[PDB]
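Notes for the one structure printed next.
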Amino acid sequence: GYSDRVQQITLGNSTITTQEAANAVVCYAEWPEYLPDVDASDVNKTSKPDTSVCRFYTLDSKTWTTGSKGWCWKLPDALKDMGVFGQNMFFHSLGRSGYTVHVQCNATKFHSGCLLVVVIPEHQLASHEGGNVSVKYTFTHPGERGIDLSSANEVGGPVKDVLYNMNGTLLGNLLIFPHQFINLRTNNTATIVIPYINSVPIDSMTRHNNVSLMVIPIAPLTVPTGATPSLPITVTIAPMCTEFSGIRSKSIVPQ
Amino acid sequence: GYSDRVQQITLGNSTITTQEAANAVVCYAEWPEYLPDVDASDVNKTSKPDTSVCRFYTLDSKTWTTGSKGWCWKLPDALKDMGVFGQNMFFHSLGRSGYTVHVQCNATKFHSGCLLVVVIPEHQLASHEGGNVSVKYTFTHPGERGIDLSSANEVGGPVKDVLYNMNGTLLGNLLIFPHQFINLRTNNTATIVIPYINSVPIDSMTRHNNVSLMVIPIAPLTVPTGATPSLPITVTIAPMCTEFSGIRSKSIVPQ
Amino acid sequence: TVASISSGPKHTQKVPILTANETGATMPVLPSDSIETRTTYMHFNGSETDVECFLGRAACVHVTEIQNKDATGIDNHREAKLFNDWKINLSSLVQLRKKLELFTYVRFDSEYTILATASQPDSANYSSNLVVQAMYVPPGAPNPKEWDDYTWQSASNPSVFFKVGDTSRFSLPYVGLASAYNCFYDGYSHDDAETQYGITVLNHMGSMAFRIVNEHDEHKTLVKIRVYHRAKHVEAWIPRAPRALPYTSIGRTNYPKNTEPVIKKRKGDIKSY
Amino acid sequence: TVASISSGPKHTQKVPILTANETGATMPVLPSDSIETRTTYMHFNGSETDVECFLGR
Amino acid sequence: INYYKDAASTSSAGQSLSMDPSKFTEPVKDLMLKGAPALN
Amino acid sequence: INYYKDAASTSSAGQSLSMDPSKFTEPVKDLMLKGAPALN
Amino acid sequence: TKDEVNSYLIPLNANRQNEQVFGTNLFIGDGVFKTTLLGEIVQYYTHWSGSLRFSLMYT
Amino acid sequence: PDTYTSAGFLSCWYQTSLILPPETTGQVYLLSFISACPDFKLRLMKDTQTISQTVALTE
């Protein structure tokens with residue numbers, strides 16, 4: 001009586017149940033694991049807070065309306081302030097982590113709409129100015145708020161044009177990245193497990209984000225007659241196999 | 001060529017060397033160890049940050065002068081703000097820890113003076129008011145500053161009379177507690193290893209301090225002629241075998 | 001190898017063509033799941049689509065130019081194109097760039113070919129024979145200031161001398177600092193509020209300085225340098241969506257404003273053929 | 001080859017970090033004598049620092 | 001025959017002949033069998 | 001393959017792979033053990 | 001202001017408490033490090049990795 | 001020196017304080033050394049900014 005459909009994920013002191021899942025994706029078919037010695041470089045023993053950092057943090061909720069263009073969060077940024085995960089983050093020189101991402105959106109059998117939930121490794125954004133204008137730090141570190149693709153261009157911020165993925169590629173091809181759809185008629189959640197993907201064994205958690213999670217409405221939300229025209233979307237994310245190394249004074253970052 | 005005299009303690013990412021030690025005391029002849037299952041009650045898996053919390057924090061320095069009466073720090077309070085030790089502390093419901101305490105005071109072969117360095121398990125202080133006046137919270141949670149026994153009585157604070165240990169017992173008998181002397185002529189540091197001592201397996205780190213460390217001048221400081229009449233005393237302390245459990249929202253404590 | 005097996009009529013309870021794309025999978029459906037097929041063999045291996053093959057041919061990565069002329073009274077050799085440097089890149093001419101950015105991290109050895117041809121746009125009695133010197137200048141080395149500085153001694157820095165009209169060829173190991181070169185980097189060099197975004201040393205491949213060794217003849221001679229780059233021993237990770245809009249800058253993802261629709265509009269209906 | 005071995009807390013009478021430089025020696029002290037380390041391998045031979053290589057171009 | 005000492009100096013590599021699209025086409029956590037229902 | 005008769009004409013030598021810093025880092029007459037006191 | 005034997009000497013003051021003796025960044029190819037043998041050799045190469053040993057002898 | 005690639009800082013402070021014996025006075029100095037651990041790797045040789053010249057030397 002197991003269905004692909006019902007699932008339970010327990011991680012730390014927190015549990016999620018979905019009764020309307022559509023399997024789960026594990027990026028590149030690899031599950032998060034700690035850093036092996038053969039791959040290690042820094043000689044420091046690392047710190048593995050385990051259950052105090054590897055639990056589920058639910059970010060603040062978004063509201064899908066007929067005019068929504070899509071939202072974008074960066075990792076580990078989105079979690080920069082969650083509990084002890086965040087403290088560890090500002091206090092060590094280097095850290096490394098994988099995540100379980102669970103995006104939630106329920107409706108009824110009269111609604112229609114379909115969101116794309118995708119994880120993009122190394123999502124370098126484009127400046128809407130063109131040329132070689134850079135995208136300032138603050139703009140690519142929105143924190144739990146994430147970036148709202150239907151917000152206005154700002155100065156020093158990225159471009160927010162959806163048919164171009166914020167980088168000069170077409171929305172249609174985002175499907176080459178680990179992703180899952182939430183089609184109100186099928187699905188009510190999306191779950192993706194992200195292994196740590198980098199060109200170095202461990203890195204800085206503040207100067208470099210290693211994935212952007214993106215939720216994009218593709219088939220517009222259509223509510224039943226005289227229904228309220230909107231649904232909330234909630235994102236809950238859990239660091240998994242986290243390791244921190246090179247402890248010290250506590251980083252100070254712009255803004 | 002090993003002497004009782006020279007020592008090195010490396011704990012985490014921090015190391016201490018003393019070239020003029022007088023052995024080291026291990027309270028009640030027991031070395032800190034984690035909490036065994038047979039002794040466990042709370043069902044929660046605990047978090048053991050290891051090297052990020054088990055390193056040496058050096059508190060701010062004191063100044064021994066001919067008029068000094070002695071100083072008193074409480075644990076884990078004194079460390080409530082040190083790095084990730086402190087964060088963990090405010091963020092979990094329960095925690096447990098042992099410590100290595102290293103008290104430092106060097107002079108020259110012309111100085112004289114002798115400090116008592118003692119650890120008192122469950123040091124319940126007395127109100128200087130008498131009767132059944134209580135000692136308010138803030139007063140018994142001085143933080144890294146500790147309590148200065150030569151400061152004035154304050155209201156809601158403890159009594160600071162040294163011949164009575166702040167509790168109705170005589171200074172002379174403090175020697176029944178694990179302790180070590182720093183006699184300028186012999187010694188320049190004192191080191192005590194404290195195992196976790198409580199009547200419960202794990203407790204709250206904020207509502208209850210489980211040891212007071214006390215440094216008390218007993219033979220007054222006497223400097224050579226026309227020397228400056230004072231010496232600094234420094235206290236460095238390292239949590240060891242720390243475990244935190246029952247993570248959540250982050251305690252808010254008076255003042 | 002069979003490309004298709006033989007398959008006949010089906011009337012089952014087992015439907016391989018109905019799936020749920022919401023899952024993120026592309027189910028491996030074949031012609032034989034939905035029509036009746038006959039056996040056929042592949043006759044093919046997919047040899048020429050190997051990434052080593054795809055990135056393994058020489059591509060022009062840079063065209064520069066230097067001239068041989070009397071430096072007498074020139075206050076700025078660099079500025080007179082008496083000599084010229086180039087900080088190696090693979091993202092300035094777009095053909096090879098789009099190919100590499102199909103991947104996120106890439107690791108390979110480089111084989112460089114350098115073709116140099118001379119031009120004599122104004123009245124010369126003859127064509128002189130010039131020798132070019134190409135010096136590889138790693139970050140931290142003294143940089144040439146004049147076309148005949150002590151720098152050109154290049155006692156510790158690899159340099160090649162070849163003749164204009166000829167070609168020079170040598171191969172450099174993978175010089176990246178990390179395990180792969182980042183084709184993309186969503187980071188900064190530090191948490192500065194104004195530091196540059198995206199451009200990184202993670203990509204840095206050295207830099208190269210060119211000059212003519214010859215002193216000047218009576219006429220002037222323009223020498224134009226073309227650097228070709230061939231990846232050998234290629235390793236590529238994490239495929240990405242291909243580049244759709246035009247490029248504007250080395251190292252940023254930025255596209256031009258008021259660009260044109262990249263999807264061709266139908267001449268007719270959705271229903272049109 | 002290991003570049004660093006794993007090493008944990010120390011509370012000894014044996015202090016490798018105190019020396020007397022007046023002797024003229026450079027005592028071979030390592031990260032693992034004064035912090036807690038994890039194993040890591042060298043992955044490197046020192047090929048390009050051979051004097052034949054240094055004077056050989 | 002390599003005429004040169006260093007590995008970078010050798011010619012192009014030879015075909016992976018590796019080929020396994022499943023990390024890209026089927027990264028699902030619970031295995032899907034073609035023919036069985038997608039969602040049970 | 002050497003094509004030439006004289007030894008000077010051969011290519012570069014090959015890595016010492018000798019490496020022993022102790023003549024430079026520890027030329028002391030009585031051996032010093034790390035961890036033991038420097039001066040006894 | 002001119003090279004002197006004195007720039008090898010880090011001074012110490014009697015009776016100061018809590019205060020700072022010296023500070024430097026660790027760009028081994030520049031600044032204080034640059035003229036040392038280590039600094040001087042590092043400069044013949046482009047990349048370095050590894051641990052450094054910094055010792056202080058008291059006089 | 002490069003940012004992305006930067007290595008940190010090194011500082012030194014009084015832990016307690018220097019104390020001179022009687023009949024003694026003034027500043028005392030520390031000598032400081034640097035050498036590389038056996039850990040160390042250097043690669044990709046290049047030319048040093050530490051030496052240059054304007055005309056060839058002669059005897």
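Order determines the names: the first chain of the structure tokens is A, the second B, and so forth; residues in each chain are numbered 1 upward, and ligands are numbered 1 upward as they are shown.
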Could you fit chain E onto chain F by least squares over every C-alpha atom, paired in order, and give me the moved chain as a PDB file with N, CA and C atoms, in the first residue's frame?
ATOM      1  N   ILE E   1      66.231   6.994 -26.639  1.00  0.00           N
ATOM      2  CA  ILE E   1      67.352   6.779 -27.611  1.00  0.00           C
ATOM      3  C   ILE E   1      68.362   7.898 -27.763  1.00  0.00           C
ATOM      4  N   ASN E   2      69.602   7.689 -27.390  1.00  0.00           N
ATOM      5  CA  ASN E   2      70.536   8.848 -27.578  1.00  0.00           C
ATOM      6  C   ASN E   2      70.970   8.825 -29.015  1.00  0.00           C
ATOM      7  N   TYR E   3      70.917   9.893 -29.762  1.00  0.00           N
ATOM      8  CA  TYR E   3      71.435   9.861 -31.150  1.00  0.00           C
ATOM      9  C   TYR E   3      72.901  10.240 -31.267  1.00  0.00           C
ATOM     10  N   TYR E   4      73.395  10.742 -30.167  1.00  0.00           N
ATOM     11  CA  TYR E   4      74.741  11.309 -30.109  1.00  0.00           C
ATOM     12  C   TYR E   4      75.626  10.569 -29.134  1.00  0.00           C
ATOM     13  N   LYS E   5      76.934  10.667 -29.413  1.00  0.00           N
ATOM     14  CA  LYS E   5      77.922   9.912 -28.709  1.00  0.00           C
ATOM     15  C   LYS E   5      78.325  10.402 -27.353  1.00  0.00           C
ATOM     16  N   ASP E   6      78.339  11.701 -27.142  1.00  0.00           N
ATOM     17  CA  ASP E   6      78.844  12.300 -25.912  1.00  0.00           C
ATOM     18  C   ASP E   6      77.798  12.458 -24.878  1.00  0.00           C
ATOM     19  N   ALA E   7      78.135  12.434 -23.576  1.00  0.00           N
ATOM     20  CA  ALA E   7      77.065  12.531 -22.566  1.00  0.00           C
ATOM     21  C   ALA E   7      76.499  13.923 -22.444  1.00  0.00           C
ATOM     22  N   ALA E   8      77.217  14.911 -22.892  1.00  0.00           N
ATOM     23  CA  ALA E   8      76.748  16.293 -22.646  1.00  0.00           C
ATOM     24  C   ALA E   8      75.596  16.490 -23.584  1.00  0.00           C
ATOM     25  N   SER E   9      75.465  15.501 -24.471  1.00  0.00           N
ATOM     26  CA  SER E   9      74.490  15.937 -25.551  1.00  0.00           C
ATOM     27  C   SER E   9      73.153  15.436 -25.246  1.00  0.00           C
ATOM     28  N   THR E  10      73.010  14.726 -24.157  1.00  0.00           N
ATOM     29  CA  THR E  10      71.696  14.132 -23.753  1.00  0.00           C
ATOM     30  C   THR E  10      70.818  15.168 -23.106  1.00  0.00           C
ATOM     31  N   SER E  11      69.541  14.855 -23.000  1.00  0.00           N
ATOM     32  CA  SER E  11      68.589  15.871 -22.491  1.00  0.00           C
ATOM     33  C   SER E  11      68.723  15.912 -20.978  1.00  0.00           C
ATOM     34  N   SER E  12      67.851  16.754 -20.439  1.00  0.00           N
ATOM     35  CA  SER E  12      67.895  17.138 -19.005  1.00  0.00           C
ATOM     36  C   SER E  12      67.856  15.877 -18.162  1.00  0.00           C
ATOM     37  N   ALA E  13      68.359  15.998 -16.930  1.00  0.00           N
ATOM     38  CA  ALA E  13      68.471  14.872 -16.062  1.00  0.00           C
ATOM     39  C   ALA E  13      67.311  14.244 -15.425  1.00  0.00           C
ATOM     40  N   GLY E  14      66.094  14.543 -15.159  1.00  0.00           N
ATOM     41  CA  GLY E  14      65.336  13.401 -14.274  1.00  0.00           C
ATOM     42  C   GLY E  14      65.499  13.820 -12.820  1.00  0.00           C
ATOM     43  N   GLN E  15      64.394  13.588 -12.019  1.00  0.00           N
ATOM     44  CA  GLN E  15      64.305  14.225 -10.673  1.00  0.00           C
ATOM     45  C   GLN E  15      64.987  13.425  -9.564  1.00  0.00           C
ATOM     46  N   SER E  16      65.947  14.239  -8.999  1.00  0.00           N
ATOM     47  CA  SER E  16      66.786  13.779  -7.935  1.00  0.00           C
ATOM     48  C   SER E  16      65.969  12.776  -7.074  1.00  0.00           C
ATOM     49  N   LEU E  17      64.807  13.443  -6.829  1.00  0.00           N
ATOM     50  CA  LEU E  17      63.944  12.568  -5.878  1.00  0.00           C
ATOM     51  C   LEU E  17      64.909  12.121  -4.750  1.00  0.00           C
ATOM     52  N   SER E  18      65.857  13.190  -4.431  1.00  0.00           N
ATOM     53  CA  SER E  18      66.739  12.843  -3.281  1.00  0.00           C
ATOM     54  C   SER E  18      66.136  13.464  -2.034  1.00  0.00           C
ATOM     55  N   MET E  19      66.244  14.761  -1.854  1.00  0.00           N
ATOM     56  CA  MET E  19      65.545  15.445  -0.768  1.00  0.00           C
ATOM     57  C   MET E  19      65.824  15.068   0.654  1.00  0.00           C
ATOM     58  N   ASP E  20      66.722  15.770   1.319  1.00  0.00           N
ATOM     59  CA  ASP E  20      67.061  15.569   2.705  1.00  0.00           C
ATOM     60  C   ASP E  20      67.535  16.881   3.332  1.00  0.00           C
ATOM     61  N   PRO E  21      66.569  17.558   3.892  1.00  0.00           N
ATOM     62  CA  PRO E  21      66.835  18.895   4.428  1.00  0.00           C
ATOM     63  C   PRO E  21      67.641  18.795   5.676  1.00  0.00           C
ATOM     64  N   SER E  22      67.860  17.732   6.281  1.00  0.00           N
ATOM     65  CA  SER E  22      68.536  17.758   7.594  1.00  0.00           C
ATOM     66  C   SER E  22      69.911  18.318   7.467  1.00  0.00           C
ATOM     67  N   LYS E  23      70.639  18.261   6.418  1.00  0.00           N
ATOM     68  CA  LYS E  23      71.990  18.900   6.493  1.00  0.00           C
ATOM     69  C   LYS E  23      71.876  20.394   6.735  1.00  0.00           C
ATOM     70  N   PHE E  24      70.805  21.010   6.319  1.00  0.00           N
ATOM     71  CA  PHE E  24      70.485  22.423   6.452  1.00  0.00           C
ATOM     72  C   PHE E  24      69.630  22.677   7.665  1.00  0.00           C
ATOM     73  N   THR E  25      68.649  21.894   7.976  1.00  0.00           N
ATOM     74  CA  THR E  25      67.740  22.232   9.099  1.00  0.00           C
ATOM     75  C   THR E  25      68.139  21.716  10.448  1.00  0.00           C
ATOM     76  N   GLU E  26      68.958  20.736  10.574  1.00  0.00           N
ATOM     77  CA  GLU E  26      69.382  20.154  11.807  1.00  0.00           C
ATOM     78  C   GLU E  26      70.817  19.721  11.789  1.00  0.00           C
ATOM     79  N   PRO E  27      71.733  20.652  11.537  1.00  0.00           N
ATOM     80  CA  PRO E  27      73.151  20.279  11.566  1.00  0.00           C
ATOM     81  C   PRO E  27      73.647  20.293  12.986  1.00  0.00           C
ATOM     82  N   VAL E  28      72.897  19.864  14.010  1.00  0.00           N
ATOM     83  CA  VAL E  28      73.456  19.913  15.381  1.00  0.00           C
ATOM     84  C   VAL E  28      74.262  18.669  15.691  1.00  0.00           C
ATOM     85  N   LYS E  29      75.229  18.762  16.554  1.00  0.00           N
ATOM     86  CA  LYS E  29      76.137  17.674  16.869  1.00  0.00           C
ATOM     87  C   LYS E  29      75.378  16.676  17.710  1.00  0.00           C
ATOM     88  N   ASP E  30      74.738  16.972  18.774  1.00  0.00           N
ATOM     89  CA  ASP E  30      73.958  16.038  19.557  1.00  0.00           C
ATOM     90  C   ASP E  30      72.472  16.259  19.101  1.00  0.00           C
ATOM     91  N   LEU E  31      71.929  15.156  18.679  1.00  0.00           N
ATOM     92  CA  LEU E  31      70.620  14.942  18.158  1.00  0.00           C
ATOM     93  C   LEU E  31      69.519  15.527  19.075  1.00  0.00           C
ATOM     94  N   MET E  32      68.629  16.214  18.446  1.00  0.00           N
ATOM     95  CA  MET E  32      67.545  16.854  19.219  1.00  0.00           C
ATOM     96  C   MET E  32      66.271  16.110  18.951  1.00  0.00           C
ATOM     97  N   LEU E  33      65.555  15.595  19.971  1.00  0.00           N
ATOM     98  CA  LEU E  33      64.233  14.986  19.678  1.00  0.00           C
ATOM     99  C   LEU E  33      63.063  15.873  19.891  1.00  0.00           C
ATOM    100  N   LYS E  34      62.226  15.982  18.914  1.00  0.00           N
ATOM    101  CA  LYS E  34      61.041  16.955  19.064  1.00  0.00           C
ATOM    102  C   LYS E  34      60.205  16.626  20.239  1.00  0.00           C
ATOM    103  N   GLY E  35      60.033  17.488  21.251  1.00  0.00           N
ATOM    104  CA  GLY E  35      59.085  16.954  22.342  1.00  0.00           C
ATOM    105  C   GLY E  35      59.937  16.825  23.565  1.00  0.00           C
ATOM    106  N   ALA E  36      61.147  16.406  23.372  1.00  0.00           N
ATOM    107  CA  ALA E  36      62.091  16.455  24.522  1.00  0.00           C
ATOM    108  C   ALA E  36      62.519  17.915  24.631  1.00  0.00           C
ATOM    109  N   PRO E  37      62.908  18.336  25.810  1.00  0.00           N
ATOM    110  CA  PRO E  37      63.418  19.668  26.055  1.00  0.00           C
ATOM    111  C   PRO E  37      64.611  19.987  25.141  1.00  0.00           C
ATOM    112  N   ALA E  38      64.658  21.176  24.636  1.00  0.00           N
ATOM    113  CA  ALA E  38      65.778  21.662  23.816  1.00  0.00           C
ATOM    114  C   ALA E  38      67.070  21.672  24.605  1.00  0.00           C
ATOM    115  N   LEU E  39      67.002  22.283  25.777  1.00  0.00           N
ATOM    116  CA  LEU E  39      68.272  22.378  26.596  1.00  0.00           C
ATOM    117  C   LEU E  39      67.936  21.695  27.921  1.00  0.00           C
ATOM    118  N   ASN E  40      68.692  20.732  28.232  1.00  0.00           N
ATOM    119  CA  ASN E  40      68.636  19.829  29.372  1.00  0.00           C
ATOM    120  C   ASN E  40      69.699  20.364  30.370  1.00  0.00           C
TER     121      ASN E  40
END
Output the contact residues of chain A with respect to chain B at a cut-off of 12 Å, based on only C-alpha atoms, as a PyMOL selection string.
chain A and resi 11-14+43-57+82-93+242-251
Where in stretch 7-215 of chain C does DSSP assign helix (DSSP H, G or I), given as a PDB file with C-alpha atoms, in the first residue's frame?
ATOM      1  CA  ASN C  21       6.470  14.097 -16.013  1.00  0.00           C
ATOM      2  CA  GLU C  22       5.988  15.895 -12.755  1.00  0.00           C
ATOM      3  CA  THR C  23       8.484  13.430 -11.263  1.00  0.00           C
ATOM      4  CA  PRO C  31       9.224   3.097 -30.975  1.00  0.00           C
ATOM      5  CA  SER C  32       8.498  -0.494 -30.090  1.00  0.00           C
ATOM      6  CA  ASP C  33       6.288   0.506 -27.132  1.00  0.00           C
ATOM      7  CA  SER C  47      32.158   8.339 -31.275  1.00  0.00           C
ATOM      8  CA  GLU C  48      31.983  11.952 -32.559  1.00  0.00           C
ATOM      9  CA  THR C  49      29.772  13.219 -29.791  1.00  0.00           C
ATOM     10  CA  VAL C  51      33.084  15.398 -25.120  1.00  0.00           C
ATOM     11  CA  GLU C  52      36.764  14.826 -25.940  1.00  0.00           C
ATOM     12  CA  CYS C  53      35.871  15.104 -29.597  1.00  0.00           C
ATOM     13  CA  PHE C  54      33.422  17.978 -29.123  1.00  0.00           C
ATOM     14  CA  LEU C  55      35.961  20.244 -27.382  1.00  0.00           C
ATOM     15  CA  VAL C  94      31.853  33.390 -28.897  1.00  0.00           C
ATOM     16  CA  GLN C  95      32.057  30.219 -31.036  1.00  0.00           C
ATOM     17  CA  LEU C  96      34.146  28.137 -28.590  1.00  0.00           C
ATOM     18  CA  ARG C  97      32.535  29.951 -25.609  1.00  0.00           C
ATOM     19  CA  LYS C  98      29.008  28.686 -26.244  1.00  0.00           C
ATOM     20  CA  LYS C  99      30.449  25.130 -26.587  1.00  0.00           C
ATOM     21  CA  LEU C 100      32.261  25.266 -23.239  1.00  0.00           C
ATOM     22  CA  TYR C 150      65.035  42.797 -18.929  1.00  0.00           C
ATOM     23  CA  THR C 151      61.683  40.975 -18.757  1.00  0.00           C
ATOM     24  CA  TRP C 152      62.183  39.522 -22.207  1.00  0.00           C
ATOM     25  CA  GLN C 153      65.228  37.643 -20.901  1.00  0.00           C
ATOM     26  CA  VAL C 201      40.519  33.511 -10.605  1.00  0.00           C
ATOM     27  CA  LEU C 202      38.941  30.035 -10.670  1.00  0.00           C
ATOM     28  CA  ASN C 203      39.173  30.357 -14.452  1.00  0.00           C
TER      29      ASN C 203
END
If we count only C-alpha atoms and set the cut-off at 9 Å, which residues sit around residue G:13, ignoring sequence neighbours fewer than 6 positions away in its own chain? Please answer as a VMD selection string. (chain G and resid 21) or (chain H and resid 17 to 19 26 to 29)
With N, CA and C atoms retained, write the just-selected residues as a JSON list (two decimals), in the first residue's frame.
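Result written to result-v5.json:
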[["chain", "number", "residue", "atom", "x", "y", "z"],
["G", 21, "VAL", "N", 51.03, 43.23, 20.45],
["G", 21, "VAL", "CA", 52.45, 43.29, 20.14],
["G", 21, "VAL", "C", 52.75, 43.54, 18.68],
["H", 17, "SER", "N", 51.66, 39.72, 30.85],
["H", 17, "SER", "CA", 52.42, 40.99, 30.55],
["H", 17, "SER", "C", 53.86, 40.77, 30.76],
["H", 18, "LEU", "N", 54.80, 41.53, 30.19],
["H", 18, "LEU", "CA", 56.25, 41.30, 30.42],
["H", 18, "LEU", "C", 56.62, 41.88, 31.78],
["H", 19, "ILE", "N", 57.44, 41.28, 32.56],
["H", 19, "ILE", "CA", 57.80, 41.83, 33.93],
["H", 19, "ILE", "C", 59.28, 41.89, 34.05],
["H", 26, "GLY", "N", 63.75, 49.35, 30.42],
["H", 26, "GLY", "CA", 63.60, 49.50, 28.97],
["H", 26, "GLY", "C", 62.88, 48.44, 28.22],
["H", 27, "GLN", "N", 63.14, 48.42, 26.90],
["H", 27, "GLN", "CA", 62.44, 47.48, 26.00],
["H", 27, "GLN", "C", 63.22, 46.17, 25.87],
["H", 28, "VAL", "N", 62.47, 45.12, 25.67],
["H", 28, "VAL", "CA", 63.19, 43.80, 25.37],
["H", 28, "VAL", "C", 62.73, 43.47, 23.96],
["H", 29, "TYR", "N", 63.44, 42.65, 23.19],
["H", 29, "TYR", "CA", 62.92, 42.34, 21.86],
["H", 29, "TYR", "C", 62.74, 40.88, 21.60]]
Can you list, as a list in words, every protein, DNA or RNA residue that comes within 12 Å of residue D:33 when you count only C-alpha atoms, leaving out same-chain residues fewer than 6 positions away?
residues 8, 9, 10, 11, 12, 13, 14, 15, 16 and 17 of chain B; 4, 5, 6, 7, 8, 9, 10, 11, 12, 14, 15, 16, 17, 18 and 27 of chain D; 34 and 35 of chain F; 53 of chain G; 37 of chain H
Now that the selection is made, can you save its residues with C-alpha atoms as a PDB file, in the first residue's frame?
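Okay, this is what ended up in selection33.pdb:
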ATOM      1  CA  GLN B   8      51.232  21.580  26.725  1.00  0.00           C
ATOM      2  CA  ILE B   9      47.431  21.274  26.432  1.00  0.00           C
ATOM      3  CA  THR B  10      46.062  21.267  22.858  1.00  0.00           C
ATOM      4  CA  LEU B  11      42.281  21.352  22.616  1.00  0.00           C
ATOM      5  CA  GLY B  12      40.629  22.073  19.356  1.00  0.00           C
ATOM      6  CA  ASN B  13      42.474  24.740  17.424  1.00  0.00           C
ATOM      7  CA  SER B  14      44.104  26.196  20.495  1.00  0.00           C
ATOM      8  CA  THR B  15      47.204  25.321  22.512  1.00  0.00           C
ATOM      9  CA  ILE B  16      48.627  26.447  25.865  1.00  0.00           C
ATOM     10  CA  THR B  17      52.220  25.944  26.993  1.00  0.00           C
TER      11      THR B  17
ATOM     12  CA  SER D   4      48.717  15.634   7.690  1.00  0.00           C
ATOM     13  CA  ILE D   5      47.752  12.832  10.018  1.00  0.00           C
ATOM     14  CA  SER D   6      44.685  12.839  12.236  1.00  0.00           C
ATOM     15  CA  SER D   7      45.543  14.119  15.737  1.00  0.00           C
ATOM     16  CA  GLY D   8      43.260  14.972  18.725  1.00  0.00           C
ATOM     17  CA  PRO D   9      43.405  16.778  22.081  1.00  0.00           C
ATOM     18  CA  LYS D  10      46.828  16.634  23.923  1.00  0.00           C
ATOM     19  CA  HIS D  11      47.559  17.325  27.692  1.00  0.00           C
ATOM     20  CA  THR D  12      51.195  16.319  27.968  1.00  0.00           C
ATOM     21  CA  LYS D  14      55.964  16.432  26.074  1.00  0.00           C
ATOM     22  CA  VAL D  15      55.850  19.863  24.351  1.00  0.00           C
ATOM     23  CA  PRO D  16      57.120  19.773  20.756  1.00  0.00           C
ATOM     24  CA  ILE D  17      56.492  23.485  20.194  1.00  0.00           C
ATOM     25  CA  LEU D  18      58.982  24.881  22.780  1.00  0.00           C
ATOM     26  CA  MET D  27      62.906  21.790  14.477  1.00  0.00           C
TER      27      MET D  27
ATOM     28  CA  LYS F  34      61.041  16.955  19.064  1.00  0.00           C
ATOM     29  CA  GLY F  35      59.085  16.954  22.342  1.00  0.00           C
TER      30      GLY F  35
ATOM     31  CA  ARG G  53      56.016  27.634  10.685  1.00  0.00           C
TER      32      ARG G  53
ATOM     33  CA  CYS H  37      56.429  22.862   6.895  1.00  0.00           C
TER      34      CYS H  37
END
message: Just want the 12 Å neighbourhood of residue B:158, counted on only C-alpha atoms, with same-chain residues fewer than 2 positions away dropped. Output as a PyMOL selection string.
response: chain B and resi 72+123-130+133-142+147-149+151-156+160-162+164-168
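Our summary of the geometry notes that atom CA of residue A:4 is positioned 29.0 Å from atom CA of residue A:76.
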- prompt: DSSP on the backbone: what in stretch 61-270 of chain C comes out strand (DSSP E), as JSON, numbers by chain?
  reply: {"C": [61, 62, 63, 64, 65, 66, 67, 68, 83, 84, 85, 86, 87, 103, 104, 105, 106, 107, 108, 109, 110, 111, 112, 113, 114, 115, 116, 117, 118, 119, 131, 132, 133, 134, 135, 136, 159, 160, 161, 162, 163, 167, 168, 169, 170, 171, 172, 181, 182, 207, 208, 209, 210, 211, 212, 221, 222, 223, 224, 225, 226, 227, 228, 229, 230, 231, 232, 233, 234, 235, 236, 237, 238, 239]}
Output as a PyMOL selection string the set of chain D residues within 9 Å of chain H, with distances taken over only C-alpha atoms. chain D and resi 2-4+26+28-31+42+44-49+54
Within 8 Å of chain H, which residues belong to chain C? Use only C-alpha atoms and report them as a list in words. residues 137, 138, 140, 141, 142, 149, 150, 151, 154, 155, 156, 157, 158, 188, 189, 190 and 201 of chain C
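Shortest separation to chain G among C:177, C:106, C:231, C:236 occurs at residue C:177, atoms counted being only C-alpha atoms.
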| query | Near residue C:218, within 9 Å and counting only C-alpha atoms, which residues show up once chain neighbours fewer than 2 positions away are dropped, as number ranges by chain? | reply | C: 69-70, 124-125, 216, 220
Next, the residues of the selection above should be written as an mmCIF file, in the first residue's frame with C-alpha atoms.
data_model
loop_
_atom_site.group_PDB
_atom_site.id
_atom_site.type_symbol
_atom_site.label_atom_id
_atom_site.label_comp_id
_atom_site.auth_asym_id
_atom_site.auth_seq_id
_atom_site.Cartn_x
_atom_site.Cartn_y
_atom_site.Cartn_z
ATOM 1 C CA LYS C 69 58.824 50.232 -36.246
ATOM 2 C CA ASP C 70 61.440 52.670 -34.926
ATOM 3 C CA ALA C 124 57.949 48.871 -48.682
ATOM 4 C CA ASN C 125 60.790 47.649 -50.870
ATOM 5 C CA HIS C 216 63.372 48.223 -37.334
ATOM 6 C CA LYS C 220 56.839 49.594 -40.930
#
